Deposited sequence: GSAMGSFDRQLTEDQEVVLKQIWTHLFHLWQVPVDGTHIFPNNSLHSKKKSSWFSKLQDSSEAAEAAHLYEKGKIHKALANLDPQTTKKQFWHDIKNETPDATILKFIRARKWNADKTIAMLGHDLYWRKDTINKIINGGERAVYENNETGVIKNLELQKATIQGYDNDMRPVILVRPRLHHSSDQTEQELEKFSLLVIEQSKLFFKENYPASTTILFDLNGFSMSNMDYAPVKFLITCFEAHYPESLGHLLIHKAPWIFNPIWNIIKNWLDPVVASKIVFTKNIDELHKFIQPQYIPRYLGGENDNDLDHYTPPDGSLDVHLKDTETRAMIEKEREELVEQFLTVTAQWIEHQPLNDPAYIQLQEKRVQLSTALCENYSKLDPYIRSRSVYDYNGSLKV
């Protein structure tokens, strides 16, 4: 639950986005020297109409407020630094990421993206279940990593597909973050590629704020000690404080239940980590249903329109805590619930099914 002071910051961020998008709003009462209608320097070179549409297509299974609050909390409730971070994210993201997740593995395979395919087939990073708090778990096995198997751009695209798949596993009323299990058993100098580590730190700290729950480094060999003594100094202190070194199955149980821990680590998850089954396309039957997709997209446009105008009313309303303000706050919750429900309706019509849709682990 947001305090009064925190709700002011939330309203300020929406106001900046609204001025960029040319959504009518007056933020005078809740303010950077605020000048009504002027676009924040962090946003001054984004296209109003393009970014307005792109933002709402990236919105899938998380509420609009929750999406923004991850940037706000990352920047410690500083509105000017939050809006800078959001602006850089919108410039970087555009429609690239939405295309990756909607295209899924099938698009990668159809386009002969050899390096991305190799990483999928190696199961170098896979979603293996849920942690004790219902966060998705990504199992990463660096012993499978060789610089020669992919370009850096291909490794980047692969990593982004994986994190976007993990977001689809987020459970309502549970932490919207991911637990990472880096299994270091078998790590060798053959695997010592610092380029991807610098990219993951740099790019994921900037573009997936407040997305990390626990980062487990499991059975690190002695040869990893001098490598960790380099890498650790590159980390944001908050990210560093989420890292735990585990040595055995009992230590993993503090974070993940046995049904989800792979059998080879001492768990009961018998997923085949040695042979990959790419999506065969049999669940993509609805992608061709233009008529139904168009209906759901029009319902979405109407919900977004109402969310925008109600949020603008809520930004301006004075005083707080009267019956009309309560009703506005509740209407924003109801519209957010409806947008989430609408995304669940839309998903089969726009996103090609991942391996996790076929194996029963993912239900959106």
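K.L.:
Where does the model skip over parts of the deposited sequence?
P.N.:
Sequence ranges with no C-alpha atoms are 1 to 9, 41 to 67.
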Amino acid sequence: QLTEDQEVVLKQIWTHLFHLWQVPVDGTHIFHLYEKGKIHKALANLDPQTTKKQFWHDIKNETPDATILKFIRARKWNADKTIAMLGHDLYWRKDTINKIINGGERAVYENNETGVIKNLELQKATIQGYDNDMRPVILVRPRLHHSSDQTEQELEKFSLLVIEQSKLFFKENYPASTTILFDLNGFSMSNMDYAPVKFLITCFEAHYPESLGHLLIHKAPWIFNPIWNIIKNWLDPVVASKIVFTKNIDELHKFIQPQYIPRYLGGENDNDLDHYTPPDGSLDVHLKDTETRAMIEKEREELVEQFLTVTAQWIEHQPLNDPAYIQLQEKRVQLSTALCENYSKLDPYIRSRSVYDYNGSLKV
From here on, numbers count along this sequence of modelled residues.
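K.L.:
Between 311 to 319 and 296 to 304, name whichever shows the higher mean Cα B factor according to the PDB entry.
P.N.:
According to the entry, 311 to 319 carries the higher average C-alpha B-factor.
K.L.:
Looking only at CA atoms, which has the higher mean B factor in the entry: 247 to 255 or 169 to 177?
P.N.:
Mean B over CA atoms: larger for 247 to 255.
K.L.:
Highest Cα B-factor in the PDB entry belongs to which of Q153, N229, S241, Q128?
P.N.:
Of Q153, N229, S241, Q128, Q153 has the highest C-alpha B-factor.
K.L.:
By the CA temperature factor listed in this entry, which of these ranks top: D149, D89, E164, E105?
P.N.:
It is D149.
K.L.:
Lowest, middle or highest third: where is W222 by Cα B-factor in its chain?
P.N.:
According to the entry, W222 has a C-alpha B-factor in the chain's lowest third.
K.L.:
Using only modelled residues of the chain, where does the Cα B factor of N119 rank: lowest third, middle third or highest third?
P.N.:
Lowest third - that is where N119 ends up once the chain's C-alpha B-factors are sorted.
K.L.:
Quick check for you: using the entry's CA B-factors within this chain, is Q22 in the lowest, middle or highest third?
P.N.:
Ranked within chain, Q22 CA B lands in the highest tercile.
K.L.:
Sort the modelled residues of this chain by their C-alpha B factor and say whether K81 lands in the lowest, middle or highest third.
P.N.:
According to the entry, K81 has a C-alpha B-factor in the chain's highest third.
K.L.:
Quick one: classify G213 as lowest, middle or highest third of the chain based on its Cα B-factor.
P.N.:
According to the entry, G213 has a C-alpha B-factor in the chain's middle third.
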